[PDB]
Each structure stands twice: as C-alpha cells, then as structure tokens.
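This report concerns only the one structure given below.
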Amino acid sequence: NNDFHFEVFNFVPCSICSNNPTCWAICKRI
Amino acid sequence: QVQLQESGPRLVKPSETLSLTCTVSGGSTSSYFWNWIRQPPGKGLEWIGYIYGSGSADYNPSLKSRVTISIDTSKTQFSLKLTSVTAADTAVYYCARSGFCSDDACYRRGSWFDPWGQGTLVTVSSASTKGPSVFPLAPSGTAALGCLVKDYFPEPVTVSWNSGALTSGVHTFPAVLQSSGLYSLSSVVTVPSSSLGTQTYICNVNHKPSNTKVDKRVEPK
Amino acid sequence: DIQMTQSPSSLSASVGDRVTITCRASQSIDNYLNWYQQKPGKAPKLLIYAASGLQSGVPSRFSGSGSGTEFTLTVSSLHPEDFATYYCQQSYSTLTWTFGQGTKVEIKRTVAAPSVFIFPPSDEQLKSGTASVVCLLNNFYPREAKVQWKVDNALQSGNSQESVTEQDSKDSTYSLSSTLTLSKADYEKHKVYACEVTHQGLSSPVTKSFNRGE
C-alpha cells in the first residue's frame with residue numbers, strides 16, 4: 001500500500017524525528 | 001509554497017446551506033489535516049472541523065449536527081457544508097492545514113494551523129444583493145479627495161486607487177450600516193494640490209457579491 | 001473540553017515598551033500552546049509554536065514561555081507594526097482545538113492634531129434625492145474626537161454617522177469620517193454647512209464650512 005498512516009490520538013514519537021526540527025519540537029519519548 | 005484559497009457564495013439565505021471550497025496549490029490533500037475555522041465580525045476564532053486521508057472527518061460539537069467536510073477526487077480541494085444557517089453563522093471563514101508528516105505517517109496532536117487561506121466573508125441574510133453607487137468627494141499644500149460608495153449589500157467592497165498604483169495616504173473606512181439596511185463607505189486619499197489639473201485620480205470599486213465593478217475619476221468641481 | 005483564558009483583553013503601550021500577554025488553560029496541556037498575530041482584515045499568522053518555538057520569519061523580539069497551564073507571550077520591545085490582535089491556541093485536545101479570546105494591542109504615541117476637510121454632496125448624488133455631507137479628520141492621535149454639524153448655525157443631532165480606521169501601522173494615527181445625511185429638499189432649504197472639530201491636539205476648535213452652490 002502507498003497511503004499514509006494517520007494518527008490523531010498519539011503524540012509524535014521521537015523515534016521517527018530523524019533530523020527534522022519540527023518533529024523534535026513536538027515529540028514525546030514513546 | 002503550499003497555498004490555500006477559499007471560494008464560494010458570499011450571501012446565504014437563512015435556513016439554507018452554506019458551502020465553500022478550499023483549493024490547495026503546490027501540495028496535495030492526501031497527506032496532512034485540512035481544517036475549517038471561522039470568525040464572526042469583531043469576535044474571536046472558532047475551529048469547525050477537519051478532514052484527512054480517504055475522507056475521515058471530525059467536528060466541533062457545537063456544530064457537528066449541521067456540518068460536513070468532504071475531500072475531492074482531484075485531491076487538491078476540500079469543502080465545507082453547513083446546513084440550517086442563521087445570522088449567527090455570518091462570519092469570515094478560513095481554511096488551514098495542520099499536522100506533522102514524516103515519510104509515511106501524519107500526526108495531528110500538538111501541531112498548529114499553518115498555512116492559512118485568506119478568509120472569505122459569508123453573510124446570512126434574507127435581504128438581496130445590491131451593487132453600490134459611487135459618488136466623488138471632490139477636492140476643495142495638500143488636498144484631500146475620495147469616493148463615497150453608497151447603498152450596497154452585502155459586504156464587502158474593495159477600493160483601490162489608480163489600479164493599485166496609489167496606496168500611500170489612502171484611507172478606506174469601515175462600512176456603516178444605514179437605517180435602510182444598506183451599507184455605505186468612503187475611501188479618501190491626500191494628494192499634492194498642484195496635480196489636480198493633469199494627473200488622474202481614479203477610485204476602483206469592486207463589489208464581488210453583485211459582480212459590480214466601477215472606476216470613477218475624481219476631479220475638482 | 002479545554003478553555004483558554006487570555007489576559008488582558010486590551011492594552012495600550014508605547015514604542016519600546018515591554019509587553020506581556022498571559023494565557024491560562026483550564027487543564028494541563030504540556031507544551032502544546034501556539035500564538036498567532038492577526039492584523040485587521042487578514043488571516044492569523046503563526047508567531048510561536050509548541051509554547052516557545054519561534055516561527056521562521058518572525059523577529060526574535062517575540063518569545064513564548066510556560067508549560068502546563070500558564071503561558072506567556074512577550075514582546076521585548078514594542079514596534080508600531082506590532083499593532084494587532086494576539087491569540088493563544090491549544091492543540092492538546094484530541095478533538096476540539098480552542099483559542100483564547102484575543103488581546104488587542106494598541107500603540108500609544110504623542111498627540112497629533114487632525115487635518116480637517118469638508119466635502120459637499122455631488123450633483124450626481126442630488127439627482128437621486130439624498131445629500132451626503134462628509135467631514136474628514138486625517139491622521140490624528142489619540143482616538144477621541146468630537147465632530148459637530150451645524151446647518152445655518154443650528155446644531156444637528158441624530159442625522160450623522162461616524163467611521164474610524166484602524167491604527168496606522170507606521171505612524172500609529174487614526175482617521176475618521178463623519179457623514180451628515182439629508183434629504184434633497186432639506187439640504188436645499190439651507191445655505192451654510194459647517195463641520196466643527198474638537199480634539200486634544202487643537203487649542204481651539206477647527207471649523208470647515210461651505211455655502212451650498214458656490
């Protein structure tokens with residue numbers, strides 16, 4: 001499949017932030 | 001640059017349906033979250049709802065029973081539908097993107113609204129559309145002149161001077177609702193007294209709700 | 001449901017003042033508080049994201065602090081172009097994101113007296129049976145002004161309406177229009193039409209007048 005996964009309940013997990021500063025600003029360690 | 005633009009009718013009768021479309025350019029609706037937000041004149045901001053993906057949507061509870069948001073098959077547009085409108089739904093309506101997206105996942109929580117559309121005013125009333133009349137405010141080191149834009153419905157009208165080339169010292173005042181139920185406004189500008197003979201000053205009036213455009217040259221009487 | 005309580009509702013400040021706006025959330029929202037700035041007739045523009053991130057393109061004199069329930073937006077040195085309404089907005093709720101009520105920031109500056117101008121009704125308008133007489137007060141501060149209409153020296157009441165512009169983004173002044181609305185027959189029964197302007201910047205009132213037809 002090619003569609004994105006969508007998540008509206010969980011916070012951004014820091015494990016996916018790579019080197020994106022937007023991600024790191026809002027993530028949580030889960 | 002992902003850019004957003006609202007479009008739709010500017011005047012809706014009470015009990016009818018309000019519909020608007022947001023067109024997205026430089027981007028696709030197949031990622032991120034696409035929002036509608038409104039602001040009644042002089043009031044604050046109220047979030048309406050959002051849509052994402054294949055067409056999953058959810059709504060502000062104060063409006064859920066009357067609101068539907070839908071996503072289009074070109075994947076460049078999404079749309080607001082609001083039923084059973086009353087004058088309380090008169091407002092400026094904005095579309096906006098939210099969310100953070102990685103390569104394969106888009107998260108909404110803790111994000112923000114950016115970018116936004118320009119916003120479009122929608123008026124709920126049973127009065128009918130009427131285009132304005134435009135009259136000169138004729139100049140008597142610096143002179144003032146302008147255009148009186150009288151008896152139109154509904155808001156808004158836009159005024160510019162010399163096709164946008166003249167903006168310094170321009171004042172377009174907020175419209176006033178007259179006892180007749182029609183709006184009036186004036187737009188003025190200060191110019192050098194010495195040019196009143198040879199330089200043209202034209203006020204460009206556009207009333208989009210009635211498809212009325214008027215260009216009026218203002219001169220000493 | 002999460003409500004944001006923003007204070008104060010309104011403030012006036014001088015160029016160079018430090019300004020602080022506070023926002024309180026009805027429950028803890030961690031760092032998920034965003035601030036926007038809305039200039040009149042334009043969409044809100046994001047200033048601060050996630051409580052203290054400074055949005056790209058925004059000058060550093062804006063900054064945000066706090067976490068949990070108490071947040072603050074600070075302008076370290078106010079500029080004239082900072083005139084706007086500022087909103088907090090929480091993104092912690094899983095469903096409804098909500099805004100504060102707004103804080104209207106006005107720029108306080110030195111007194112500036114209005115230039116006054118009067119405009120008689122146009123001949124084209126008079127064909128249509130109504131006469132609008134317009135009085136213009138240009139580029140003044142402060143806000144408060146009195147315009148009195150006199151027709152052949154008789155004080156008018158009930159037949160004028162006023163409109164004021166928003167504060168100018170460079171010089172912080174206001175302009176104001178007063179429109180006297182008369183029927184054609186009434187307008188034609190009188191001769192002298194006068195606008196009398198009273199304002200803190202004027203040691204004596206300024207009166208602009210015309211005689212109908214000259």
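Going by the structure tokens order, chains are called A, B, ..., each with residues numbered from 1, while ligands are numbered from 1 in the order shown.
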DSSP on the backbone, then: every residue of stretch 32-77 of chain C marked strand (DSSP E), written as number ranges by chain. C: 33-38, 45-49, 53-54, 62-67, 70-75
Using only C-alpha atoms, which residues of chain A come within 8 Å of chain C, and what is the closest atom pair for each, with the distance in Å to one decimal? Give it as CSV, sorted by chain and residue number.
```
residue,atom,partner,partner_atom,distance
A:8,CA,C:94,CA,6.8
A:9,CA,C:94,CA,5.9
A:25,CA,C:50,CA,6.9
A:26,CA,C:50,CA,6.6
```
If you take only C-alpha atoms and a cut-off of 6 Å, which residues of chain B touch chain C, and what are their nearest atom pairs and distances in Å to one decimal, in chain and number order, as a Markdown table?
```
| residue | atom | partner | partner_atom | distance |
| --- | --- | --- | --- | --- |
| B:44 | CA | C:101 | CA | 5.8 |
| B:60 | CA | C:96 | CA | 5.8 |
| B:110 | CA | C:91 | CA | 4.8 |
| B:118 | CA | C:43 | CA | 5.8 |
| B:137 | CA | C:119 | CA | 5.9 |
| B:173 | CA | C:165 | CA | 5.5 |
```
What residues in chain A have any atom no more than 7 Å from chain B when counting only C-alpha atoms, and can you write them as a tab-separated table (two decimals) with C-alpha atoms, in the first residue's frame?
```
chain	number	residue	atom	x	y	z
A	4	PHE	CA	-0.05	7.43	4.58
A	5	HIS	CA	-0.77	6.21	8.09
A	6	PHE	CA	-2.78	8.79	10.04
A	7	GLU	CA	-2.68	9.23	13.82
A	8	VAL	CA	-4.93	11.61	15.74
A	9	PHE	CA	-4.68	10.30	19.33
A	10	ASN	CA	-0.96	9.68	19.95
A	11	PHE	CA	1.74	12.31	20.16
A	12	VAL	CA	4.60	12.20	17.65
A	26	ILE	CA	6.52	18.30	19.47
```
Can you list, as a PyMOL selection string, every protein, DNA or RNA residue that comes within 8 Å of residue A:17 when you count only C-alpha atoms, leaving out same-chain residues fewer than 5 positions away? (chain A and resi 23-24+27) or (chain B and resi 102)
Just the number, please: distance in Å from atom CA of residue C:62 to atom CA of residue C:14, one decimal. 16.1 Å
Rank nothing, just name the residue among B:12, B:143, B:69, B:51 nearest to residue B:89, using only C-alpha atoms.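 For residue B:89, the nearest of the given residues is B:12.
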Can you work out which one of C:126, C:137, C:73, C:21 has the shortest atom-to-atom distance to residue C:54, counting only C-alpha atoms? C:73
Could the residues of stretch 28-50 of chain B that have an atom at most 12 Å from stretch 80-87 of chain B be listed as CSV, each with its closest atom pair and the distance in Å to one decimal, counting only C-alpha atoms and ordered by chain and ascending residue number?
```
residue,atom,partner,partner_atom,distance
B:34,CA,B:80,CA,10.7
B:35,CA,B:80,CA,9.3
B:36,CA,B:80,CA,7.3
B:37,CA,B:80,CA,10.2
B:38,CA,B:80,CA,11.3
B:40,CA,B:87,CA,10.1
B:41,CA,B:87,CA,11.5
B:48,CA,B:80,CA,9.3
B:49,CA,B:80,CA,9.0
B:50,CA,B:80,CA,9.7
```
Interatomic distance, atom CA of residue A:2 to atom CA of residue A:18 (Å, one decimal):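 Answer for the atom CA of residue A:2 to atom CA of residue A:18 separation: 20.9 Å.
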Skip residue B:11 itself and residues of its chain fewer than 2 positions away, then list as a ChimeraX atom specification all residues within 7 Å of it, counting only C-alpha atoms. /B:9,13,122-124
Distance query residue B:191 at most 9 Å, only C-alpha atoms, self and fewer than 6 positions along chain excluded, as an MDAnalysis selection string: chainID B and resid 141:145 169
I'd like the interatomic distance between atom CA of residue C:194 and atom CA of residue C:147, to a tenth of an Å. 10.0 Å
